[PDB]
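Remarks on the structure that follows.
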Amino acid sequence: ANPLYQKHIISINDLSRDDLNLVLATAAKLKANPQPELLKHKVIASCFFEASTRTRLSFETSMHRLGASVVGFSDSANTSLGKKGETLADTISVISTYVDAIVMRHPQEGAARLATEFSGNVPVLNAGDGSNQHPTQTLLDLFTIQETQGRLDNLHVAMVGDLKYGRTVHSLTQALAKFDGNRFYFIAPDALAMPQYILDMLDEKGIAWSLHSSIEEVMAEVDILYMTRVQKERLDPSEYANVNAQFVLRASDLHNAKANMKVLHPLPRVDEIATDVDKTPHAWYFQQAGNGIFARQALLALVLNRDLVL
Amino acid sequence: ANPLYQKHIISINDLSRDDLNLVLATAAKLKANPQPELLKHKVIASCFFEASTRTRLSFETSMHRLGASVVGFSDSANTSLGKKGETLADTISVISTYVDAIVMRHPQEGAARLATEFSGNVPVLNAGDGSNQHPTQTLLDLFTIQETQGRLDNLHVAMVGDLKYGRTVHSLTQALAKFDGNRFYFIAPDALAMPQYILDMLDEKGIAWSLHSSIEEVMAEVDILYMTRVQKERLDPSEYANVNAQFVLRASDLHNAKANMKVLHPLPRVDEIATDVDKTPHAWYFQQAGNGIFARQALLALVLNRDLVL
Amino acid sequence: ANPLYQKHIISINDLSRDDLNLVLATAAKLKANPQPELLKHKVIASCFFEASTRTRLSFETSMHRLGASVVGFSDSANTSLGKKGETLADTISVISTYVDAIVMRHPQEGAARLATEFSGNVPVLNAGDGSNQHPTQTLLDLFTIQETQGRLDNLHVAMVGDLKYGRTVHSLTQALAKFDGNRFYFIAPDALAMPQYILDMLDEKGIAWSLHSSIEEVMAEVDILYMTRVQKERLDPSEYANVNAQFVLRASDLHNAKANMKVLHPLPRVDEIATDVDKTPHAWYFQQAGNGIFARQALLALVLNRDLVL
Amino acid sequence: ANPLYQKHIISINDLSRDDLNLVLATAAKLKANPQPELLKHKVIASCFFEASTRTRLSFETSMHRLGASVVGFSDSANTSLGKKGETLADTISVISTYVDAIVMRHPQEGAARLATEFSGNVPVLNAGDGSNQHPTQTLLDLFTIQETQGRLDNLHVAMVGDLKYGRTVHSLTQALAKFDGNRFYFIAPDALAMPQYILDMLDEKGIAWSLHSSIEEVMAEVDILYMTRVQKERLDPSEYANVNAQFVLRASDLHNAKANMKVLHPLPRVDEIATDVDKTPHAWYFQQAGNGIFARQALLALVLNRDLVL
Amino acid sequence: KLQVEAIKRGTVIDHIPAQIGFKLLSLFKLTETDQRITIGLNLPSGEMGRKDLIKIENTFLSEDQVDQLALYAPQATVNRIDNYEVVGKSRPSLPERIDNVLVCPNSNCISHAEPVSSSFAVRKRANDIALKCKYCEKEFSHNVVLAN
Amino acid sequence: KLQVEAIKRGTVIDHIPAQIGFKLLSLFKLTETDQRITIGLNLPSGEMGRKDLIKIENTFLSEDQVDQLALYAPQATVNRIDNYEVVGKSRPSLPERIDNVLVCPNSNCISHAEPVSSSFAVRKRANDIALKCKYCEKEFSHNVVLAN
Ligand SMILES: [Zn+2]
Ligand SMILES: [Zn+2]
């Protein structure tokens with residue numbers, strides 16, 4: 001018996017309600033009862049073409065936490081003087097005969113999808129492929145909202161900053177859309193607003209949403225407050241300076257906050273949250289990435305093991 | 001029962017006589033009797049922000065020698081075009097929930113000290129933080145002087161080259177200062193001389209010292225001859241050329257050497273020792289770094305294990 | 001003698017009505033009859049703190065046409081007076097004592113205005129200070145429109161592409177707003193719509209304007225088509241691909257366009273103008289750049305020479 | 001005709017007493033009355049093997065003031081005649097046949113002297129050959145002192161900051177030593193004390209000198225304050241922070257300083273001069289750099305032209 | 001504290017909001033004096049409960065200096081104090097430019113690590129006070145150029 | 001002209017050195033009490049010059065917290081007023097730790113662009129002191145720290 005054994009795991013759209021609930025329940029079971037010899041005698045590659053530091057160590061920790069070995073590389077922005085190395089179909093093919101699974105991060109979008117048929121029966125997990133969203137980040141986001149609020153249904157989840165380009169928020173809205181009753185706020189400037197394809201998905205499923213101007217306008221009723229990257233190399237420095245005024249979450253805009261509210265963040269951060277919201281009960285974004293150990297551990301045990309009794 | 005279990009280990013000043021003797025005795029016990037399954041089911045990060053090749057592989061070997069897994073990175077001089085990544089408090093926090101211990105090397109001084117409270121109950125060992133000295137190098141230095149001379153007390157330890165900036169010699173003098181009877185020679189040019197804070201520490205404890213001009217002036221009575229890096233990018237090329245004449249240890253200045261004398265070096269080397277002192281009984285700096293496997297293995301077993309019977 | 005004698009050319013806003021028609025007349029007079037040795041025995045520094053081989057060859061050419069010496073550089077990402085350790089104010093305090101005038105291009109905004117404060121009696125011409133101003137580009141734009149159409153009033157001009165961040169189209173809309181009867185058709189995507197502040201000053205002077213989605217609508221009635229520059233790095237590569245249609249300008253779109261209509265471009269093109277447009281008589285972006293040497297020849301001879309006999 | 005006709009300006013030591021007062025007089029004569037076309041039909045190569053936009057703009061400016069052509073480059077870390085495969089001697093053997101004179105700046109010491117051996121009948125002016133010499137900087141230093149004070153003798157001059165490696169202050173102490181009655185106050189830290197070899201030639205000529213620890217002591221009696229350049233990379237950043245006090249020169253230290261006193265600086269400043277010093281009449285480092293064009297105009301017109309009518 | 005006043009020439013203002021007294025004695029540099037400084041910070045003075053004040057003896061302030069208070073202390077005044085009397089309690093008023101007391105929001109502004117003084121232009125809209133930058137020439141709302 | 005200057009419950013002595021009262025305002029952030037307070041700068045003092053009479057109301061300052069003042073001002077001693085009533089004398093005796101106020105002169109230190117609270121051990125040194133860093137572990141003089 002196995003649903004997600006030897007599966008693709010490339011995008012969140014492929015995963016249904018029954019796929020997300022198996023990874024969250026398995027992440028709560030291995031956290032409550034670690035199995036350090038589950039993936040023993042099984043090698044996993046960590047082929048990070050795009051250099052992500054935090055994402056590679058949250059994955060390689062989860063590999064070593066089940067007792068598997070690791071073989072990985074990290075290129076520091078390659079494409080030196082035009083033409084470089086091999087093709088990506090030629091790399092995955094030779095890496096596939098070496099190991100039992102691949103965990104690849106690519107700057108170009110559609111790289112994880114290019115590796116399913118070429119790998120054969122070797123599964124390939126997507127750790128972030130360009131602007132085609134980050135599904136492992138979406139799984140540890142749902143796991144943090146479930147373990148604190150008590151559920152994933154009937155929650156007041158707000159989303160601040162980069163919504164147009166912020167990939168981590170796009171599929172966080174589509175994952176929560178599969179759950180019912182979820183109210184949605186979208187606090188963003190008139191530029192970095194949520195796209196029309198996400199808003200049309202919410203109108204189709206009868207899910208209520210609304211655009212807001214700032215944090216304090218929705219602060220009275222919120223169970224989660226997802227906060228995004230918003231990098232300076234995106235909108236020009238004059239535009240970034242003007243809008244970034246009310247959108248930053250100071251500790252002064254937490255007086256209406258509920259007792260069970262929890263601020264999240266995919267990371268990193270710099271000019272969205274200051275360093276005085278860490279000494280609160282609402283601080284819950286550092287241990288969200290630590291909860292990503294259990295989300296990527298549950299996602300690796302399901303694919304590299306026939307059946308499991310936690 | 002545990003003295004150094006879940007301890008800081010950031011600087012040599014925090015470690016007393018009873019802390020240094022527990023790490024040297026444990027290094028002699030695991031060398032005599034290896035335990036390849038001591039740190040089993042325990043992950044250790046090796047977060048080398050500053051790229052040190054020899055120091056990262058002496059640490060990651062000691063991790064794998066006890067049966068622990070490893071997750072590490074090495075940035076090749078970052079700070080490209082001004083502003084880069086995250087803050088160092090934001091990195092250690094997210095890395096702390098992943099692993100059971102951190103082994104960090106940072107170009108800026110005070111980075112290892114910044115990581116103790118942020119890591120929580122997760123210990124963080126200092127592998128070299130700027131010009132705030134290298135404590136792991138000091139532990140394998142004491143282990144080599146103890147295993148050959150027979151003790152750490154009543155020894156004639158000389159120190160050559162960079163004493164003002166040479167961090168590895170600063171705390172080597174402070175560690176040997178906790179032991180008694182230690183005579184000290186400081187063979188250095190009129191520039192790279194030992195600082196006044198180290199010399200005032202030696203006057204306070206009643207420890208005898210004296211500045212010497214060259215190697216041959218002290219060679220008659222010496223049990224150890226610690227030799228330092230002395231890099232060319234420090235004092236200008238004309239100044240480096242003139243002084244570097246008698247301070248270099250040729251094999252011609254080993255005729256007064258005692259039968260139990262042993263030349264040391266933290267490494268690397270280029271223009272301080274030529275490659276003809278390797279074929280002698282006094283050659284003992286290559287296997288000093290190999291003794292650093294046992295010094296970093298004893299230092300990892302004490303912190304990641306309640307009690308030990310070697 | 002001469003209203004623009006010893007004046008700074010920092011912004012288009014500073015230049016009044018008769019100011020712009022005075023350098024326009026002087027560019028048409030020097031073009032009609034060369035001034036081989038007008039600025040003889042005058043040294044002019046071409047201090048380009050931002051690399052730009054287009055504008056630096058056009059400026060230095062016009063210096064040499066009046067018979068004036070030149071001494072400058074190109075920071076080219078390093079420059080000796082940078083990397084924190086030398087202010088821009090110190091650099092201009094030294095360059096001022098060397099030369100009679102300073103043409104400078106800075107990546108930061110307000111750099112040319114800062115130079116005037118430390119220049120003293122040395123004029124300061126702005127070749128492009130970030131996303132702020134570019135009056136030298138605007139002087140050759142209007143001079144190219146005044147030759148072809150014969151006037152700067154009652155013209156049906158339109159601006160395509162990136163109008164949101166395009167500093168060239170911002171200053172051009174303000175310079176043509178100093179004239180009467182001009183009709184504007186800002187043809188851009190919604191993500192690169194012309195800023196509200198430019199639409200505010202147009203509404204103040206009673207100038208008509210209208211936002212379309214393509215050139216197809218207005219091509220019947222237009223005397224100019226100032227196609228702007230659009231960066232791929234301004235937005236996503238996906239939403240750049242779509243919505244860019246009809247901002248590409250094929251030569252098969254010049255069917256019903258007016259006979260006197262002339263297509264203008266700042267100069268760096270790739271997507272926004274097709275290669276088949278070059279053969280048509282409409283294309284006038286290479287002849288616009290050639291008229292850029294006369295606009296910069298009029299600016300220098302009017303600021304250094306007391307009179308303008310011819 | 002002319003004692004300095006067709007001579008090499010490699011070192012300050014080569015220049016005799018009347019040599020330095022001859023180029024000083026010629027710099028005061030050309031400043032009093034411009035020589036627009038003295039070096040007409042003369043080409044001069046500005047071969048800067050080390051990047052320096054300060055000195056290269058000052059040298060090339062003075063070439064253009066006498067009406068002389070210019071053709072040079074800036075190695076800027078790559079240059080075509082390098083990377084092992086082309087000697088400096090070959091480069092000068094070719095550049096000599098092209099031009100009438102060669103101004104070269106090399107990172108290596110003795111590069112300008114090596115150029116004279118392969119130049120033949122082509123003069124060779126040294127713009128800065130490593131840590132060896134910089135006579136062009138010393139010519140504008142003395143010329144700035146001869147204008148303000150009115151003489152080069154009986155002056156109470158002092159040199160602050162890095163005197164150990166400062167090549168500008170070394171050659172300045174030797175050039176002012178060629179005059180009589182000069183009083184020297186070398187105000188530096190102990191790590192950057194003036195070399196003994198400079199204190200040896202002063203003792204030979206019977207010239208008074210004294211080492212202080214700060215400007216506070218001698219500020220009452222000083223006619224010049226030649227503040228030198230101090231690199232952060234010369235020493236530690238910790239011992240640079242402390243001990244640097246009173247070598248920073250605030251404008252609140254010019255209370256009791258003489259009225260005729262004038263503060264000089266080579267030109268690149270950051271720490272050693274505060275910004276509030278600019279407003280005072282004492283500050284004369286920007287006027288010193290402006291007088292650097294006349295010292296380099298006197299050097300070129302005296303080496304290429306047979307007579308010096310005026 | 002309702003009786004005082006009339007002590008040493010200069011002048012004193014009234015109606016400084018709460019927490020506006022402090023940080024005004026610093027941005028405009030007023031602490032750098034060697035005479036009678038008695039600020040009235042954190043002390044109600046009327047209709048509102050929280051208000052602050054500041055007093056200065058022999059020290060007049062140009063109309064332009066007072067007008068540079070408006071932005072911060074919009075509801076205050078200036079009555080030339082000498083000794084029992086008063087010569088026109090002129091309230092502050094939004095100046096046509098504010099320099100030396102405002103940082104520019106455009107990070108890529110030349111004026112930030114440069115040895116020059118700040119300068120902005122003034123104009124109200126209806127919602128905020130957009131002060132324009134002198135160098136970069138970009139315009140911002142007072143709320144943004146205020147803090148960050 | 002009368003002077004019934006306000007001295008309510010809480011803390012404070014007068015007699016603090018020249019140009020130091022405003023230096024004991026921004027740094028320790030005594031204004032951030034956000035309640036009720038008053039000052040007295042450039043005032044006749046007891047056994048020396050003039051200046052300083054800082055803060056009041058609901059601000060009990062600890063023994064080690066008034067030791068923090070010692071380094072800056074060596075001219076004070078807390079008054080726990082009740083009714084014109086002086087009580088509980090405690091003098092700036094110089095502490096063994098100094099936090100939150102000073103900066104590490106070392107540029108390469110990693111306490112400058114981080115979310116931390118500074119720390120500085122202290123030992124006597126011939127009429128002066130040497131503030132060592134907890135992070136940098138580099139012993140600096142207590143004089144070059146005032147310049148930054
Ligand atoms: Zn600005
Ligand atoms: Zn520090």
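In the structure tokens, the first chain shown is A, the next is B, and so on; residue numbers restart at 1 for each chain, and ligands run from 1 in the order shown.
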Region 108-124 of chain E surroundings by only C-alpha atoms, 9 Å radius, close-in-sequence under 5 positions cut, as JSON, numbers by chain: {"A": [237, 238], "C": [87, 88, 89, 90, 107, 108, 109, 110, 111, 114, 117, 130], "D": [275], "E": [94, 95, 96, 97, 98, 99, 100, 101, 102, 103, 129, 130, 131, 132, 133, 134, 135, 136, 139]}
DSSP alpha helix (DSSP H) residues within region 116-279 of chain B, as an NGL selection string: :B and (116-119 or 135-149 or 167-178 or 196-204 or 237-243)
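CA of residue 168 (chain C) lies 8.9 Å from CA of residue 131 (chain C).
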At most 12 Å to chain E: residues in chain A, only C-alpha atoms, as a PyMOL selection string: chain A and resi 232+236-250+271-274
Those residues with N, CA, C and O atoms, as a compact mmCIF listing (two decimals), in the first residue's frame please?
# COMPACT_ATOMS: atom_id res chain seq x y z
N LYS A 232 15.10 44.49 -2.93
CA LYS A 232 15.33 45.85 -3.42
C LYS A 232 15.59 45.87 -4.93
O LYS A 232 15.28 46.86 -5.60
N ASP A 236 12.27 49.92 -8.34
CA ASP A 236 13.39 50.87 -8.27
C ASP A 236 13.47 51.56 -6.90
O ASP A 236 12.46 51.66 -6.21
N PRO A 237 14.66 52.03 -6.50
CA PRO A 237 14.91 52.49 -5.12
C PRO A 237 14.00 53.61 -4.61
O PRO A 237 13.76 53.66 -3.40
N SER A 238 13.52 54.49 -5.49
CA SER A 238 12.59 55.55 -5.10
C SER A 238 11.20 54.98 -4.81
O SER A 238 10.52 55.42 -3.88
N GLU A 239 10.77 54.03 -5.63
CA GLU A 239 9.48 53.36 -5.47
C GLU A 239 9.45 52.44 -4.24
O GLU A 239 8.43 52.33 -3.57
N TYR A 240 10.58 51.78 -3.97
CA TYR A 240 10.72 50.89 -2.82
C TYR A 240 10.73 51.68 -1.51
O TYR A 240 10.30 51.18 -0.48
N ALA A 241 11.24 52.91 -1.57
CA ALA A 241 11.35 53.76 -0.38
C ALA A 241 9.99 54.32 0.04
O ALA A 241 9.70 54.42 1.23
N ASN A 242 9.17 54.68 -0.95
CA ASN A 242 7.89 55.35 -0.69
C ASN A 242 6.83 54.40 -0.12
O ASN A 242 6.22 54.68 0.91
N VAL A 243 6.62 53.28 -0.81
CA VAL A 243 5.62 52.29 -0.39
C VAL A 243 6.01 51.61 0.93
O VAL A 243 5.15 51.39 1.78
N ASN A 244 7.29 51.30 1.09
CA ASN A 244 7.79 50.69 2.32
C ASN A 244 7.76 51.69 3.48
O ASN A 244 8.74 52.39 3.75
N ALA A 245 6.61 51.74 4.15
CA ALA A 245 6.34 52.71 5.21
C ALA A 245 5.31 52.14 6.19
O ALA A 245 5.52 52.16 7.40
N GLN A 246 4.20 51.65 5.64
CA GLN A 246 3.15 51.01 6.43
C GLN A 246 3.19 49.48 6.30
O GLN A 246 2.69 48.77 7.17
N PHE A 247 3.78 48.98 5.21
CA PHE A 247 3.82 47.54 4.93
C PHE A 247 4.80 46.79 5.84
O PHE A 247 4.64 45.59 6.05
N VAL A 248 5.80 47.49 6.36
CA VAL A 248 6.72 46.90 7.35
C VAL A 248 5.99 46.62 8.66
O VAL A 248 5.26 47.48 9.17
N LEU A 249 6.20 45.42 9.20
CA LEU A 249 5.56 44.99 10.44
C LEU A 249 6.41 45.36 11.66
O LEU A 249 7.31 44.61 12.05
N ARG A 250 6.13 46.52 12.24
CA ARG A 250 6.71 46.90 13.53
C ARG A 250 5.92 46.22 14.65
O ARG A 250 4.85 45.66 14.41
N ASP A 271 14.21 44.24 5.20
CA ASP A 271 13.46 45.49 5.32
C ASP A 271 11.94 45.26 5.27
O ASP A 271 11.20 46.09 4.74
N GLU A 272 11.49 44.15 5.83
CA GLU A 272 10.06 43.86 5.97
C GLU A 272 9.66 43.69 7.43
O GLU A 272 8.63 44.21 7.86
N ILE A 273 10.48 42.96 8.19
CA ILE A 273 10.29 42.81 9.63
C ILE A 273 11.55 43.25 10.36
O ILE A 273 12.64 42.75 10.08
N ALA A 274 11.41 44.19 11.29
CA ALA A 274 12.52 44.62 12.14
C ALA A 274 12.78 43.56 13.22
O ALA A 274 11.97 42.65 13.41
With chain B as the partner and 8 Å as the cut-off, tabulate the residues of chain A that qualify, each row holding the nearest pair of atoms and their distance in Å to one decimal, using only C-alpha atoms, sorted by chain and rising number, as a Markdown table.
| residue | atom | partner | partner_atom | distance |
| --- | --- | --- | --- | --- |
| A:36 | CA | B:41 | CA | 6.0 |
| A:53 | CA | B:73 | CA | 7.8 |
| A:54 | CA | B:95 | CA | 7.7 |
| A:57 | CA | B:71 | CA | 6.4 |
| A:58 | CA | B:98 | CA | 6.5 |
| A:60 | CA | B:71 | CA | 6.5 |
| A:61 | CA | B:98 | CA | 6.4 |
| A:64 | CA | B:69 | CA | 6.1 |
| A:65 | CA | B:41 | CA | 6.9 |
| A:67 | CA | B:41 | CA | 7.4 |
| A:268 | CA | B:86 | CA | 6.3 |
| A:269 | CA | B:86 | CA | 6.9 |
| A:270 | CA | B:86 | CA | 7.1 |
| A:286 | CA | B:94 | CA | 5.4 |
| A:287 | CA | B:97 | CA | 6.7 |
| A:289 | CA | B:94 | CA | 6.3 |
| A:290 | CA | B:97 | CA | 4.9 |
| A:293 | CA | B:98 | CA | 6.6 |
Top pick for closest residue to chain F, considering E:11, E:65, E:83, E:45 and counting only C-alpha atoms: E:83
Residue contacts of residue 223 (chain D) (12 Å, only C-alpha atoms) excluding same-chain residues fewer than 2 positions away, as number ranges by chain: D: 145-146, 148-159, 182-185, 218-221, 225-226, 256-264, 282
Close residues, residue 18 (chain F) itself excluded, 8 Å, only C-alpha atoms, min 5 positions apart in chain, as a list in words: residues 42, 50, 51 and 52 of chain F
Those same residues, written as a short mmCIF file (atom, residue, chain, number, x, y, z; two decimals), in the first residue's frame with N, CA and C atoms?
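And here is the file that came out, part.cif:
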data_model
loop_
_atom_site.label_atom_id
_atom_site.label_comp_id
_atom_site.auth_asym_id
_atom_site.auth_seq_id
_atom_site.Cartn_x
_atom_site.Cartn_y
_atom_site.Cartn_z
N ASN F 42 21.94 73.86 32.64
CA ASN F 42 22.67 75.10 32.97
C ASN F 42 22.13 75.80 34.22
N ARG F 50 28.39 74.39 37.05
CA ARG F 50 26.99 74.44 36.62
C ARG F 50 26.59 73.32 35.64
N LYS F 51 25.30 72.96 35.69
CA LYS F 51 24.56 72.24 34.64
C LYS F 51 23.82 70.99 35.15
N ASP F 52 22.73 70.66 34.46
CA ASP F 52 22.03 69.37 34.56
C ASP F 52 21.15 69.15 35.80
#
Show me a table, sorted first by chain and then by increasing residue number, of the residues of chain F having an atom at most 8 Å from chain E, each with its shortest atom pair and the distance in Å to one decimal, counting only C-alpha atoms and written as JSON lines.
{"residue": "F:1", "atom": "CA", "partner": "E:7", "partner_atom": "CA", "distance": 5.4}
{"residue": "F:2", "atom": "CA", "partner": "E:4", "partner_atom": "CA", "distance": 7.1}
{"residue": "F:3", "atom": "CA", "partner": "E:4", "partner_atom": "CA", "distance": 7.2}
{"residue": "F:4", "atom": "CA", "partner": "E:4", "partner_atom": "CA", "distance": 8.0}
{"residue": "F:6", "atom": "CA", "partner": "E:1", "partner_atom": "CA", "distance": 7.8}
{"residue": "F:19", "atom": "CA", "partner": "E:32", "partner_atom": "CA", "distance": 7.8}
{"residue": "F:22", "atom": "CA", "partner": "E:31", "partner_atom": "CA", "distance": 7.0}
{"residue": "F:31", "atom": "CA", "partner": "E:22", "partner_atom": "CA", "distance": 7.4}
{"residue": "F:34", "atom": "CA", "partner": "E:19", "partner_atom": "CA", "distance": 7.7}
{"residue": "F:35", "atom": "CA", "partner": "E:42", "partner_atom": "CA", "distance": 7.0}
{"residue": "F:36", "atom": "CA", "partner": "E:42", "partner_atom": "CA", "distance": 5.2}
{"residue": "F:37", "atom": "CA", "partner": "E:42", "partner_atom": "CA", "distance": 5.5}
{"residue": "F:38", "atom": "CA", "partner": "E:41", "partner_atom": "CA", "distance": 6.1}
{"residue": "F:39", "atom": "CA", "partner": "E:38", "partner_atom": "CA", "distance": 6.2}
{"residue": "F:40", "atom": "CA", "partner": "E:38", "partner_atom": "CA", "distance": 5.2}
{"residue": "F:41", "atom": "CA", "partner": "E:37", "partner_atom": "CA", "distance": 5.1}
{"residue": "F:42", "atom": "CA", "partner": "E:36", "partner_atom": "CA", "distance": 5.8}
{"residue": "F:43", "atom": "CA", "partner": "E:36", "partner_atom": "CA", "distance": 7.4}
Within 7 Å of region 135-141 of chain C using only C-alpha atoms, minus same-chain residues under 4 positions, as a list in words: residues 11, 12, 127, 145, 168, 171, 172, 288, 291, 292, 295 and 296 of chain C
Polymer residues at most 6 Å from region 190-204 of chain A, only C-alpha atoms, same-chain spacing of 6 or more positions, as a PyMOL selection string: chain A and resi 162-164
Residue list (strand (DSSP E or B), DSSP) for chain E, as a PyMOL selection string: chain E and resi 11-12+16+37-39+52+54-56+79+89+97-98+109+120-121+124+129-133+139-141
Mind writing the picked residues with N, CA and C atoms as a short mmCIF file (atom, residue, chain, number, x, y, z; two decimals), in the first residue's frame?
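Wrote result.cif, looks like this:
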data_model
loop_
_atom_site.label_atom_id
_atom_site.label_comp_id
_atom_site.auth_asym_id
_atom_site.auth_seq_id
_atom_site.Cartn_x
_atom_site.Cartn_y
_atom_site.Cartn_z
N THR E 11 13.14 83.92 24.28
CA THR E 11 11.76 83.60 23.95
C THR E 11 11.44 82.13 24.26
N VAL E 12 10.16 81.84 24.48
CA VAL E 12 9.67 80.50 24.74
C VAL E 12 8.41 80.21 23.92
N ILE E 16 3.75 72.53 22.45
CA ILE E 16 4.51 71.42 21.86
C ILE E 16 3.81 70.10 22.12
N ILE E 37 18.58 76.86 30.00
CA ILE E 37 17.76 75.87 29.30
C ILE E 37 16.87 75.10 30.27
N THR E 38 15.57 75.36 30.18
CA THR E 38 14.56 74.65 30.95
C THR E 38 13.41 74.24 30.03
N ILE E 39 13.51 73.02 29.50
CA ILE E 39 12.46 72.51 28.62
C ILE E 39 11.20 72.16 29.43
N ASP E 52 4.18 69.27 25.63
CA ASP E 52 5.53 69.61 26.05
C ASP E 52 5.91 71.01 25.59
N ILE E 54 9.45 74.14 25.78
CA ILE E 54 10.87 74.41 25.85
C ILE E 54 11.12 75.91 25.92
N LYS E 55 12.01 76.32 26.83
CA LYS E 55 12.28 77.74 27.02
C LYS E 55 13.75 78.08 26.81
N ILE E 56 14.00 79.28 26.29
CA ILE E 56 15.36 79.74 26.01
C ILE E 56 15.54 81.21 26.39
N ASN E 79 6.16 83.54 21.34
CA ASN E 79 5.96 84.87 21.91
C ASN E 79 7.23 85.38 22.59
N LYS E 89 2.96 86.43 19.81
CA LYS E 89 3.15 84.99 19.95
C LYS E 89 2.98 84.24 18.63
N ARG E 97 10.74 75.07 2.54
CA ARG E 97 11.87 74.16 2.39
C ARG E 97 12.45 73.75 3.74
N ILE E 98 12.81 72.48 3.86
CA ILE E 98 13.35 71.98 5.13
C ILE E 98 14.66 71.23 4.92
N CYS E 109 20.34 57.88 -3.13
CA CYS E 109 20.47 59.33 -3.24
C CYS E 109 21.92 59.72 -2.97
N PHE E 120 14.73 69.94 1.31
CA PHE E 120 13.49 69.50 0.69
C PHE E 120 12.59 70.71 0.42
N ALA E 121 11.64 70.50 -0.48
CA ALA E 121 10.66 71.51 -0.87
C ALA E 121 9.32 71.21 -0.20
N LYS E 124 1.50 71.16 0.48
CA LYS E 124 0.53 70.19 0.98
C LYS E 124 -0.41 69.74 -0.15
N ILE E 129 2.18 65.81 3.41
CA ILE E 129 3.02 66.90 2.93
C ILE E 129 4.16 66.36 2.08
N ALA E 130 4.01 66.40 0.75
CA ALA E 130 5.13 65.86 -0.03
C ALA E 130 6.28 66.86 -0.06
N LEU E 131 7.37 66.46 0.58
CA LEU E 131 8.61 67.23 0.52
C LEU E 131 9.46 66.65 -0.60
N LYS E 132 9.83 67.46 -1.59
CA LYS E 132 10.63 66.94 -2.70
C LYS E 132 12.12 66.98 -2.39
N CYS E 133 12.88 66.06 -2.98
CA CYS E 133 14.32 66.07 -2.73
C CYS E 133 15.00 67.06 -3.66
N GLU E 139 10.00 63.06 -5.17
CA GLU E 139 9.10 63.58 -4.15
C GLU E 139 8.50 62.51 -3.25
N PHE E 140 8.46 62.80 -1.95
CA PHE E 140 7.97 61.87 -0.96
C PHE E 140 6.98 62.51 0.02
N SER E 141 6.16 61.65 0.62
CA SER E 141 5.20 62.07 1.63
C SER E 141 5.90 62.14 2.99
#
